[PDB]
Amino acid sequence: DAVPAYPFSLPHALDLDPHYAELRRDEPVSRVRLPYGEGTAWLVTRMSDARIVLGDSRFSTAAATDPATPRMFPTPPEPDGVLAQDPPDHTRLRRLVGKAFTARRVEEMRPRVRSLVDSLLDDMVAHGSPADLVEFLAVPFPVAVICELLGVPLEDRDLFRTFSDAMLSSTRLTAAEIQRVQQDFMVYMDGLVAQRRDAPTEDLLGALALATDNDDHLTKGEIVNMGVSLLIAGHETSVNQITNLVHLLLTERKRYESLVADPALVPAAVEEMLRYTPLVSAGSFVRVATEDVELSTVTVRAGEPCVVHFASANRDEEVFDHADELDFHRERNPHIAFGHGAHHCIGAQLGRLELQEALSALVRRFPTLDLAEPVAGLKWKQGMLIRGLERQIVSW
């Protein structure tokens, strides 16, 4: 056809396809064909344009549920998904659980979360060096935190992890395989929610069960799906981002030594690595203009779809200086690693807390930590909408 395939290439590690800098400079809004649905989408590569697609009510995610709309992933979007809701319906859906995820409430978790880290790092010191940081820290830490927050049984880890990996599929699985898991995950979350019917609990699944027996704006579908979205995101983002930040730290070891030297740098370093790291391997959930909307180089017509690349917006040279370098001493870091606008990540403060406390703990107690398996052999996850390591053997 006329228009280039997107994604532009099979990803390697955390590397960014070089065409994104080319486009930011010469063609910052460009037509692409996504791997699923029909027609073309505008790919948005710059920060200013990304804030408009993500930030403006003239862009609808609900409109992108149509099986014909371009998308990054095999199945048409679940219409009951938060991501697929427009305000004000979306605002009402987010209030269901927003209370738990305000920065004040998430800060209240820091002591429990720091305990959970320390304990898991004891178990890793017991085993002895070398060990797999995935098995010992990256998987168990976020999984325990989201299980205790939602009230999901921790022994269900293998079950919900298998479900979440399938649903984060890009090319790994087929539409039918994914569609099947969506059905099972919904029927599973439905069951946990129903156990609260004559046994309410002090946790988020508890709040979802109350909204089911008493609410009128929100369907049972929308409420349970919120449980699915929180359990997937709540472990998958963090499990992958711990390995991504540890990868970035140990492959240029001075990064790691610079936090060993000043542990109090860890928060700014987390923000900078959030900027730098393509957690979302390519593209985004799609937005469809409901009216003509002016971007930097082009006016998108009502009914035309747009996709953002978050990591490309976060490499924008008009916003960050030496944008292609990791710098923990940056004075200004207005990244959209957590998106922007109405769908801005609800868990952003939990993700921040988990990355701070994982890395602070490692940097303090394990000043000798190195990668103890070769770079060339690193097992990057393939065929998923997000990036991370299956294993990260380390020594201290």
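We number the residues from 1 along the sequence you see. Whichever C-alpha set is largest while still superposing within 1.5 Å between the two forms counts as the rigid core.
Root-mean-square C-alpha deviation from the shown form, taken over all structures in 7 other deposited structures of this protein superposed by the rigid core, is larger for 220-228 than for the alternative among 220-228 and 287-295. Comparing 157-165 with 102-110 in 7 other deposited structures of this protein, after superposition on the rigid core, the stretch with the greater RMS C-alpha deviation is 157-165. Judged by mean Cα B factor in the deposited record, 99-107 ranks above the other of 67-75 and 99-107. As recorded in the PDB entry, 368-376 is the stretch of 368-376 and 14-22 with the greater mean C-alpha temperature factor. Of all the options 304, 86, 236, 216, the entry's greatest CA B-factor is assigned to 216. The entry assigns its greatest Cα B factor, within the set 178, 260, 230, 82, to 260. The entry lists a Cα temperature factor for residue 276 that places it in the middle third of the chain's modelled residues. When the modelled residues of the chain are ordered by C-alpha B-factor, residue 60 sits in the lowest third.
When all modelled residues of the chain are sorted by CA temperature factor, residue 354 is found within the middle third. Per the deposited record, the Cα B-factor of residue 49 falls in the lowest third when ranked against the other modelled residues of its chain. The PDB entry assigns residue 296 a C-alpha temperature factor belonging to the middle third of its chain's modelled residues.
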